[PDB]
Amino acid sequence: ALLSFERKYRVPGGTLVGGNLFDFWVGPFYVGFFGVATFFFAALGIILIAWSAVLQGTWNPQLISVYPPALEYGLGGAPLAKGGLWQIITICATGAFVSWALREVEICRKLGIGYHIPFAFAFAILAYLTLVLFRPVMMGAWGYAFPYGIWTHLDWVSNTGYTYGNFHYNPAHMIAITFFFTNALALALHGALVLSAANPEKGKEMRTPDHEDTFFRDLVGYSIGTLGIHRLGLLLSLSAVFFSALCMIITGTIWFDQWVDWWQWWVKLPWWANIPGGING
């Protein structure tokens, strides 16, 4: 089934691999070679999760957890039930994520649009790889990575954070959080602005983009504009995930203490470290 305007876009071409072999749709879904590759990695990764759920002995999805190998295995291979399934699932998940991004590229080419979307998606893949590949390898063991379970991966977050005191004090973590908050603020503002112009007061005609700019200038003295707000949204969400990965790649590799210590440099500079009173004297 097609959207009413869809037929004229459903032309051949745009594939990166395989010519017209996989150039077709299943329902709404475009396939392409990397659609086949995505299905392959996804199916196999989901089978292994099923296998690992049998080894664990439960069908409850809230209890299934696929753990990486013990720290003593270092960066080596592990037996399937002792961390090996986690290793293979990580390969499958990586394969599926990258295949997904390349399928998006093919869709971009067939439609003649820019490649922004798979480019933005790559930041998320990078952040995933920071936690399961880059940081574990830099620390020397797969077991520093997180487990694949709904609740166990939260326990991992809490365990990892409190290892370094209050993780709040990690300064890259502060910047990332600021981007996450500012993004959600910008998203609420942007969705509200457009809807308030398309759906004005009762008894009114549709507003114009000029009304959107006037509203924001009246409110705060500046309107970033219709193009700028979508550039800003892209930059805010990507910068949040960039500093997220930065704040984790440096933890346990170039920094091993409680993060509150990082600021204690500012506290004990020699020209005021000893001034009595305040908080630090």
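All residue numbers are counted from 1 along the displayed sequence.
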Per the entry, higher mean C-alpha B factor between 251-259 and 210-218: 251-259
Where do the C-alpha atoms have the higher mean temperature factor in this entry, in 70-78 or in 112-120? 70-78
Most elevated Cα B-factor in the entry, residues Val54, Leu236, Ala37, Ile229: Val54
Looking at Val157, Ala93, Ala141, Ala188, which one carries the largest C-alpha B-factor according to the PDB entry? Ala93
Split the chain's modelled residues into thirds by Cα B-factor; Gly83 lands in the highest
What third of its chain, lowest, middle or highest, does the C-alpha temperature factor of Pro12 fall into? middle
Rank-wise, by C-alpha B-factor, drop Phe146 into the lowest, middle or highest third of its chain. middle
Can you work out whether the C-alpha temperature factor of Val194 puts it in the lowest, middle or highest third of the chain? lowest
Third of the chain's Cα B-factor distribution that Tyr164 belongs to, per the entry: highest
